[PDB]
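Here the sequence shown stands for residues 5 to 32, 36 to 170, 185 to 352, numbered as in the authors' numbering. Before any comments, here is the structure.
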Amino acid sequence: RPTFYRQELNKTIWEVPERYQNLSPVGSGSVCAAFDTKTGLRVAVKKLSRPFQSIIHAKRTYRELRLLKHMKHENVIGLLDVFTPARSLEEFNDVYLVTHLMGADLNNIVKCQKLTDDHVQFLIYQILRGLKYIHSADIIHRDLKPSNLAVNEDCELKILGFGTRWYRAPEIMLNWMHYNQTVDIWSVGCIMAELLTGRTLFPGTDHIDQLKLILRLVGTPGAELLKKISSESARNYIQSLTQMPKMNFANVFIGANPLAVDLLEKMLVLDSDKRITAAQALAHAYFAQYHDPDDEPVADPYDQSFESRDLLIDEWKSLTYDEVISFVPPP
Ligand SMILES: C[S@](=O)c1ccc(-c2nc(-c3ccc(F)cc3)c(-c3ccncc3)[nH]2)cc1
Ligand SMILES: CCCCCCCCO[C@@H]1O[C@H](CO)[C@@H](O)[C@H](O)[C@H]1O
């Protein structure tokens, strides 16, 4: 067992092993930058807030640990280390998670810099590459947005912060369940649009405003799509908005690479069934400079059967603890 030391950082206490030095708060659970003495690399240590505060907190703690132990991909946050100061399950109430330090997110980029086309290519390519992997594990991210996309100085990108309204699929704003993975493709279209234009695609004030703005661009849904909305009040709202012409993305995005525009048109489609998939989008001509079908890996199958259970705080806590103890660091 490592030697642990104690420290106070922004009123929040930290008890970490000696290998981690120079702890510096970055955000607020709460995250610190630190120096990993073993590897000589800078890392992010995340202290979970109140991991076993409730059944919802305890299940969420287990969910995030399980998820992160499985994610092994260049464009997805992965676990370098996980630890607790606790000796025995009896003491267990703190979980620390460790990953490679990243430095900025995509919102710090927007922002800030004006992005040329090759940069938008590389960035969106990396999102879709991580997204292909995530989706291949039967995981929907659900919360893809600039602040959930960590980027270093090399413009290397990793997806984190697994599930604003600005990036949210319209079917999410409408409730609906049986979301497909392409809710994430919608968010990618919004992110891509913003990187191209320097402007939020759909900066809605509320869920209702968000829908109007979406409809202004992509047009009223056709009859085939309207028939699928059971909700009479959603149907009434939609059909009241006189009738939106589908704008020409070509005009809306004038100045952009026409291949960027074509891909966007395939991402920002109302019908979730008719949205391009992550794997399809990677073979789009827009990414010709980057696409290598032998270097776009898929994930081992991922067991989220636990999502079905209603367990006691103590049960979730014991399962989480088992995952801490069985952790095996990467090469
Ligand atoms: C959407 S919310 O603003 C939010 C944003 C980022 C994070 C966030 N969580 C982490 C983080 C750190 C360590 C882990 F093991 C797992 C996640 C980072 C991180 C990772 C690498 N380098 C710098 C920071 N950012 C949590 C919540
Ligand atoms: C702005 C209002 C337009 C409503 C968008 C509805 C289109 C979403 O697409 C719908 O998503 C569901 C998957 O969750 C599927 O069951 C439907 O087959 C699919 O058409």
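Think of the CB as a built atom: it goes at the ideal place given N, C-alpha and C, for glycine as much as any other residue.
What separation, rounded to the nearest whole angstrom, lies between the Cα atoms of residue i and residue j?
i	j	result
residue 267	residue 81	37 Å
residue 342	residue 99	7 Å
residue 28	residue 70	27 Å
residue 234	residue 318	36 Å
residue 280	residue 352	39 Å
residue 346	residue 5	11 Å
residue 263	residue 187	23 Å
residue 55	residue 127	33 Å
residue 294	residue 204	10 Å
residue 248	residue 254	13 Å
residue 97	residue 7	20 Å
residue 61	residue 338	10 Å
residue 312	residue 169	25 Å
residue 193	residue 200	8 Å
residue 36	residue 17	12 Å
residue 241	residue 273	17 Å
residue 21	residue 330	34 Å
residue 68	residue 260	42 Å
residue 57	residue 154	22 Å
residue 202	residue 324	17 Å
residue 64	residue 334	9 Å
residue 72	residue 52	13 Å
residue 44	residue 285	44 Å
residue 38	residue 14	11 Å
residue 116	residue 243	37 Å
residue 160	residue 278	25 Å
residue 302	residue 11	46 Å
residue 157	residue 252	37 Å
residue 150	residue 231	16 Å
residue 226	residue 238	17 Å
residue 26	residue 49	10 Å
residue 23	residue 66	29 Å
residue 19	residue 94	13 Å
Can you tell me whether residue i is buried or exposed, with buried defined as 16 or more other CB within 10 angstroms of its CB?
i	result
residue 91	buried
residue 282	buried
residue 118	exposed
residue 41	buried
residue 109	buried
residue 211	buried
residue 327	exposed
residue 228	exposed
residue 309	exposed
residue 123	exposed
residue 206	buried
residue 208	buried
residue 271	exposed
residue 306	exposed
residue 220	exposed
residue 296	buried
Can you tell me whether residue i sits near ligand 4, meaning its C-beta is under 8 Å from at least one heavy atom of the ligand?
i	result
residue 107	In the structure on display, ligand 4 does not appear, and the ligands it does have are ligand 1 and ligand 2.
With distances taken from CA atoms, which of the options is nearest residue i?
i	options	result
residue 195	49, 6 and 257	257
residue 114	198, 147, 152 and 93	152
residue 320	223, 348 and 75	75
residue 348	45, 23, 102 and 67	102
residue 300	240, 219 and 134	134
residue 197	350, 292 and 142	292
residue 77	53, 49, 142 and 47	142
residue 120	45, 246 and 215	215
residue 34	165, 107, 104 and 146	Note on the chain: numbering goes from 32 to 36 directly, and residue 34 within that interval has no coordinates.
residue 162	112, 213, 190 and 224	112
residue 89	83, 106 and 11	106
residue 223	244, 189 and 246	189
residue 315	136, 148 and 221	136
residue 146	129, 167 and 159	167
residue 191	336, 87 and 236	236
residue 84	104, 250 and 93	104
residue 344	47, 86, 31 and 246	86
Residues whose Cβ lies closer than 7 Å to any heavy atom of ligand 2, in chain order: This selection yields 191, 192, 195, 197, 199, 200, 201, 232, 235, 236, 242, 246, 249, 250, 259, 291, 292, 293 and 294.
Sequence ranges, alpha helix (DSSP H) only - wholly within the stretch 186 to 271, length at least 4: Within the stretch 186 to 271, the complete alpha helix (DSSP H) segments of 4 residues or longer fall at 191 to 194, 204 to 218, 228 to 239, 244 to 247 and 253 to 261, listed in chain order.
Unbroken stretches of the alpha helix (DSSP H), 4 residues or longer, contained in the stretch 41 to 108: Unbroken alpha helix (DSSP H) runs of no fewer than 4 residues, entirely contained in the stretch 41 to 108, are found at 62 to 77 and 95 to 98, following chain order.
Entirely enclosed alpha helix (DSSP H) segments - the stretch 123 to 152, minimum 4 residues: Here the runs fully enclosed are 124 to 143.
Whole beta strand (DSSP E) elements within the stretch 5 to 31, 3-residue minimum: Correct list: 8 to 13, 16 to 21 and 24 to 31.
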